[PDB]
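# Descriptive analysis of the structure
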Amino acid sequence: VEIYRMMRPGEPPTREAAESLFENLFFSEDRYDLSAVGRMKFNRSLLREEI
Amino acid sequence: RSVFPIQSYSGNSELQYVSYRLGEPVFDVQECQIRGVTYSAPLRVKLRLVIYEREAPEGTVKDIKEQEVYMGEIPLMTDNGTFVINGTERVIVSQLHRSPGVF
Amino acid sequence: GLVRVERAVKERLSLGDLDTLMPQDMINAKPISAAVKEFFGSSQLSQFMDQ
Amino acid sequence: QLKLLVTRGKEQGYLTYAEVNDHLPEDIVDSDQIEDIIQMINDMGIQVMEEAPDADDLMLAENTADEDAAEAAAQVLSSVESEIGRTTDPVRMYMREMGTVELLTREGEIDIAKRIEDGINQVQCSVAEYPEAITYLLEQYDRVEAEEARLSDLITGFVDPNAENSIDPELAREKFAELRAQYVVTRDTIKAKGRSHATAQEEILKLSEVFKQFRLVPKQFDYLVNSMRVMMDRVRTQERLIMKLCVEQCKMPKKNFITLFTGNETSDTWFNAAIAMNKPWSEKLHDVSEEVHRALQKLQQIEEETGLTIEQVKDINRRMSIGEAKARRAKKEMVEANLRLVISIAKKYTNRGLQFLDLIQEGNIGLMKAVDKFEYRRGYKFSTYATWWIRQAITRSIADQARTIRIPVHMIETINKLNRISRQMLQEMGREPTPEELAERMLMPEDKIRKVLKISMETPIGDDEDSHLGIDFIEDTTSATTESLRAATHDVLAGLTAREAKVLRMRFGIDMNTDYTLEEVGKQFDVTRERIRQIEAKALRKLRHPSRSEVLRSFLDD
Amino acid sequence: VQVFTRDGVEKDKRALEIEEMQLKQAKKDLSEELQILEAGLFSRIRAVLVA
């Protein structure tokens, strides 16, 4: 809800869209990708072992 | 492969896929200066649809339809590693960017 | 482009009795001609080559 | 934001003081303002706070209001609007403004339509009651049959009976004999026994019953209501002026006008009683009373204009506005009840079309014609009404509105028929578009389609298309060049052969202010005949030498 | 030098002479190519015979 405010000040925090507005920053059909190349760099800069 | 099959949010239809294609050109590099039109050819895509038993419990499927459709254009490239676009060799420069993920 | 512009297809896919309609019947054709022809001719990295 | 608190409080029929933080307006902070604004939260919602009841629930049933008609039920717009986010979009404020209506659909807006009709069809009962309005109603027709031989004029665009449209030409003519009979008695039997004294009230009531069928086109109806509004203000201007003169001339404020006027309105009788009162103000009237008779005699001269008395105006013209208070609450409330359906249709078309916003607000005006012509009396629903009319008001809002260019609408959206058809062309010929394919896809020749496409895209400089050659410009602002081509042709065609130099000026307007056939020209050629015409063309073959135009060609260029 | 139009209008005289300027080249070259081609292909058949 406070993240909905951070994109929509002075507008009602519509309960289910308050969750979508944040999770679709990183999990939407349109709004996030890395390729396998960027997931590799993500895991690499975190010293993971998950290939 | 990152968008299709669009099995619809409405739960009653699905716009399936199989693969892209390129084909059907008409201009060539000489006409792409003398006339001027960008050396290009149509992007066409293999698409499908499938629907299930509305009425019975022993066959699981009822309809299947599949074809091609248009979905855009693509410029074309020479042995010389060039392209011809509005009378001229307009050509993409490659980028050197921060690798995706986290920094 | 496949997740921002397909609106009339993504819309009207919900409504028809697709046992008797087809995987094509609302796909517009104008934009992905010029928008991919001229991705080599007016894009942010697609200058006239240094001939 | 606010809606959460007020809605859950009204659902509960009760709201505890501290629940202002359990269902908080996600807006503001005004904690010390609470101790008086709680007042209009309680006269229509009363509750307080203590440890625990045991048998004490009933309190609301002797202490609360009863209709939520227009008050904190709608003025709460300000208290839900008040925090629009200082830089962030019209596509936010409408979400606060629709903090009013939730979803009154499927019977609530039908009850708004029921309440339109106990408005309009009850205003009708006072059109039938104000004795000038039922006169001007028939004056509408008596203005036009009175000239011995007519068919149209104010006979047409009138009569207009929504008797659920169930009439014929003679039952339509009976509207000026049936109701005319009910009128011509009542019109003077309002003075028999008294204005509404015994049967005068029943006579008014039965005229007001037949006039329930006289439900009419919104502007033939509202002409009769505007007539009653204006004829009320013939008196209300006089009251408004004479009350002001009680202050300004007499020094007798507000309440003391009402104390004397409102029981003998008609004449300077009550003003002479206002002298008879004594007191220093009334005492001053003994040497200025003339200036008040010089105004109050034109309240009297309204009863003298009509055979009214203010005794009728006291109630009839208020009964009118008790009908209007329903009719035009409901023709506002019906628009309000549908403000969301306007978004869900309009926002389809707002898809970059011209802007993400403006088409919604034009739909909110298309909704006015829809609310005015809402024929629920066919049976159908406002959803379908919006899908037709309000959708095409949304379409036209950027079809020819807000463009550079605008045409008769068939010739607007036909340009878009071609763009709709192009969806085959770009994949069936399927590499580039070709008008040569569009010719089979339209079964028509390219140029009679280019009729539109030559000019309707953004208009070339075609002055008044080509007709600008023969229009109002034929004055010396053009014809001075004609009086130059004529001079140069008059030169050459007078150095040519002594016979041939006549002929080769005739038929189309070349040389004279009447460029005649034979009679006045043959008499100036002599000897022989229609060589008088053939030599207009003979020039093609021994005037062959192209130098023969060396002094003629400049008049495309001056 | 060139002239172009909406295709249903077959092309103007100054382009229709240049049609025969460009046609000359291919009309000649294809009459050389057919000979250059069979002078290889039938020379392979001729070689299989000479064996």
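Residues numbered from 1 in each chain as written, not as in the entry; some residues may be left out. Chains lettered and ligands numbered in written order. Part of a larger assembly, values for the part shown. Heavy atoms only, no water. Residues with missing side-chain atoms left out of burial classes, pairs and counts.

As recorded in the PDB header, cryo-EM is the method behind this entry, and the stated resolution is 17 Å.

Its PDB record names the entry "EM structure of the DNA wrapping in bacterial open transcription initiation complex".

Each helix and strand counted, chain E has one helix and zero strands in total. Over its C-alpha trace chain E gives a radius of gyration of 20 Å, far above what one expects of a compact globule, namely 10 Å for 51 residues. Along the three orthogonal principal directions, the C-alpha set of chain E runs to about 60 × 20 × 10 Å. Counting across all 51 residues of chain E, residues that qualify as buried make up 4%. With 9 positive and 10 negative side-chain charges, chain E shows a spacing of 2 Å between the two charge centroids. (Helix = DSSP H or I, 4+ residues; strand = E, 2+ residues; numbered from the N terminus. Rg over C-alpha atoms; globule rule 2.2 N^0.38 Å. Buried < 20%, exposed > 50% of the residue type's maximum accessible area, 1.4 Å probe, protein only. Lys, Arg positive; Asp, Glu negative; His and termini not counted. Charge placed at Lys NZ, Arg CZ, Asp CG, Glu CD.)

What follows deals with the sheet that holds strand β1 (residues 6-7) of chain B. Residue and element names in this part refer to chain B. Across the sheet, four strands lie side by side as β1-β2-β3-β4; this open sheet has antiparallel pairing. Every other strand in the sheet has two partners, leaving β1 and β4 (63-75) as the edge strands with one partner each. Judged from the two bridges that link them, β1 and strand β2 (residues 14-19) form a sheet pairing that is antiparallel. The partner of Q7 across the bridge, within β2, is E14. (Pairing = 2+ DSSP bridges.)

What the rule picks out here adds up to 15 aromatic pairs over all chains. Each ring, one from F39(C) and one from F40(C), has its centre 6.5 Å from the other, and the planes form 80°; the classification is edge-to-face. Measuring from ring centre to ring centre gives 5.6 Å for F382(D) and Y385(D), while their planes differ by 15°; the resulting arrangement is stacked. Taken together, the positions of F382(D) and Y385(D), both in helix α20 (residues 382-399) and three residues apart, correspond to about one turn of that helix. Of the two residues, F382(D) and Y385(D), neither departs from the other in class, the shared state being buried. An aromatic cluster of three or more residues is present, and its members are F374(D), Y376(D), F382(D), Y385(D) and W389(D). (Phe/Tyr/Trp six-rings, centres within 6.5 Å; stacked < 30°, edge-to-face > 60°.)

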